[PDB]
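Take a look at this single chain in structure tokens; it is the form deposited in one PDB entry.
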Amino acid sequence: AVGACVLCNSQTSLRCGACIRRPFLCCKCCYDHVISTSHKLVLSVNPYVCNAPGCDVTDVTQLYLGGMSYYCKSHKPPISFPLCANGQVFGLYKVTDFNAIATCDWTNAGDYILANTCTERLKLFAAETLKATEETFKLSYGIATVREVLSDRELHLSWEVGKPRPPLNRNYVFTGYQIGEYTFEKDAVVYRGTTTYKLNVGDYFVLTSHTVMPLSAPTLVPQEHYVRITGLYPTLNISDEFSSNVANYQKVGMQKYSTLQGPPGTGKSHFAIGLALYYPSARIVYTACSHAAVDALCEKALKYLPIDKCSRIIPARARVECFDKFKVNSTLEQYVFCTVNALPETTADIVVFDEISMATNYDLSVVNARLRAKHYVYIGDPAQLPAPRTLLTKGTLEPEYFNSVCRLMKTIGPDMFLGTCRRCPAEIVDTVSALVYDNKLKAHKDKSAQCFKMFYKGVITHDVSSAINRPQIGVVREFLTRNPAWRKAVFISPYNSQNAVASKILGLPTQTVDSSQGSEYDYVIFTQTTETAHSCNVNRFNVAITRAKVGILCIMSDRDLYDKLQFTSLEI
């Protein structure tokens, strides 16, 4: 009730009652907000509303001060002052961008652009507002009731009439009813219960909507440059394996925070784990937004770090299966691996935040609020996939607008850049280096002569809105009969419906481009499926082709990306 202005920090009893987050506003900023937007409800201890009985005047521009009470133009006493006048709204202790964040629906790319170009406090107001909007939007959907249960990984659902049906993919995690979280995939659909329970007919599901907590800490702490490695104690017995990263681990101790751009297979996990061998006495908290990203840090630490000082923090509401080799929930072990949502209230000598393109500004702020560290390291790549923006339907979100860290990496450049790709055949490295890394990524492997491209538009069908291209899967089927070594390939496509069809027709294991991020496979078979802005996204294309160690087959729809692929072309 007695707070600080989310724009100029001036203390005030004023708050905007029309803002979903009800931000505290000072007299100067409250005025400029109410006179420029549809937001006219001002709240303090008592709201600014006509105190005359039965009067429904809540607009602060149509209200006055009747001694110590508030009344409209039709009820005010002779001696009464307008609440709104002289560039201020009457309050104790007597912006174009704030207005846009406050009133937008978050469906345009320009909303997210502003949420990252604004001041630091407006980045937090934007991140809070956006998340509150995303959760409340979930409430507006239709309930799925289990009509029948065929088998253990198959069922038929009945949907609510008059309310939209959400897209069935592991993107949307439904809460079953209180029989745990479940997911769906294609009238034969597949049910995926995080908690195993004999699929009860009649029992319904409802979308997971969690409470948006206020943000206190900034997305990025104020940068500090030090003259010497501060609060960290390095070794002289640094193993040759991590010798290449020594000069950068030193940079990490001479800065409050540091950014690392690591293209696919340049050694991000290796760099993060090697930083623990360089500052061996330092307590390191390893974080990321996904469980799979934290598990990739756990797999790398298992090899170089002592398994006794390692703890994988698992939230009590254990959703899907994760890393099982460290002592679970020991917050005090020297190395703590944990997702951002599960981060306990603790301190560290170094905090390593991996897969930074997947972080939102809400996540950047949570980390600064739960972990007080001497040094913060942000590892990732703005040329890879960002976190899905469910409300965004108009415009394309650029990497410099994913979050504060990506904005920095794309504007002033990253502090550190891992320039040599050790995973991919040179054909893949040469293609993505020119596409998203302005020729700064270098190939370590030779050309494998196992990277192929085929131009085939096929036939695009649609399962609600996820696309299928059966003739492209047919081309893969014909390729596999001629190249049976490719039987050990992972099938990748931008759509789960294409993946669902290819799983039944080819029998290859399946992965969408988005779920393949961070993983590597000897052979990849990619069917673009469509030429949409989704399937043509350069970050998604980059992730797709950089999953392969040995060979890749790309069946393309877009002439542009097909011509850009530095692969052997195949006929048929």
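Rigid core here is just the name for the largest C-alpha set that superposes within 1.5 Å across the two forms. Residue indices: 1-based, along the sequence shown.
The same protein also exists as the form deposited in another entry; that form is not shown, yet it is the one meant from here on.
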Hey, after the core superposition between the shown form and the other one, which of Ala434, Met213, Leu150, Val459 has the C-alpha moving 2 angstroms or more?
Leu150
For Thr235, is the C-alpha shift between the shown form and the other one 2 Å or more after core superposition?
no
Core-superposed comparison between the shown form and the other one, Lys198 Cα displacement 2 Å or beyond:
yes
